[PDB]
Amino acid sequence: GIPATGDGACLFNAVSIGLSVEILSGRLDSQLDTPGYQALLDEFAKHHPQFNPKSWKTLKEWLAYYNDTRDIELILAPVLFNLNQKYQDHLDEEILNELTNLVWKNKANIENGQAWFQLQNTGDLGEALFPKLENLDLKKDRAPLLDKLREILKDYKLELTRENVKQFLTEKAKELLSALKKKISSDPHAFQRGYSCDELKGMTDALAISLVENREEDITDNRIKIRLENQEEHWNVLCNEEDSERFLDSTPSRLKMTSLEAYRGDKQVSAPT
């Protein structure tokens, strides 16, 4: 197994290496015109201003020129992290349900100016009621969130029931909910928080790939497989010797930025040549 960089989005680093092999080997050629891969191409061009023309020919050229495994991670893992967010269909409902639990269990607490630590964050089964909200930054995000909910709650005109809260927030907190989705899906803590294979499933389905974690393979699945080894928080990607020799590490390492500097995207990668 090839170890992926732990820095940044470690699962995305591993997937980027495995995906690059499948792409450069030609084994995904039948898929490159499908909507998933056109979306990948769009995200690659959005992240890399020197990428031109916008085509899978150019994308393969970039993977062939930046073929050192660390360079692949640096040029492709941010792109896959951005693409993954296009497939987070569930996230709007999830954040609405978190915000609903927060307000339903704490309406008076919030109105009365209590601090985040004083809020009920656990339900009647011991379940976490809003874990993604509570992972936001305490001073930059969670304090302003409580101030914003104090404003919003001045218009609450109903009996306090969970259903009434949920409908109220759907109508009256649309812009707040959109902003919370952006933070939860793309802020630096979200990039670094550690993902499971299932949290990429919408993307990998659209890319016609199955992520195989620790030999846990569905033999009824005839899609291209990216094989991974999950090491508590470390990740290896499996690559046979023939594919390794032909499609990885054929070029010297060229890029010097960190994973988080690569994700930020301010430093341009030079076009090949």
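Residue positions are given as counts along the sequence shown, with the first one as 1.
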Requested in this report: Could you check the entry and say whether 90 to 98 or 183 to 191 has the higher mean CA B-factor?
Outcome: 183 to 191
Requested in this report: Could you check which stretch, 14 to 22 or 250 to 258, carries the larger mean CA temperature factor in the entry?
Outcome: 250 to 258
Requested in this report: By the entry's C-alpha temperature factors, tell me which of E61, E43, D29, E233 sits highest.
Outcome: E233
Report task. Compare the CA B factors listed in the entry for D141, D155, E73, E199 and report the winner. Result -> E199
Requested in this report: Consider only the C-alpha atoms of the modelled residues in this chain, order them by B-factor as the entry records it, and name the third containing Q50: lowest, middle or highest.
Outcome: middle
Query raised in the report: Considering only modelled residues of the same chain, in which third does the CA B-factor of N67 rank: lowest, middle or highest?
Result: lowest
Query raised in the report: Would the CA B-factor of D124 place it in the lowest, middle or highest third of its chain?
Result: middle
Query - Third of the chain's Cα B-factor distribution that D147 belongs to, per the entry - result: middle
Requested in this report: Please rank the C-alpha B-factors of the chain's modelled residues and tell me whether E111 sits in the lowest, middle or highest third.
Outcome: middle
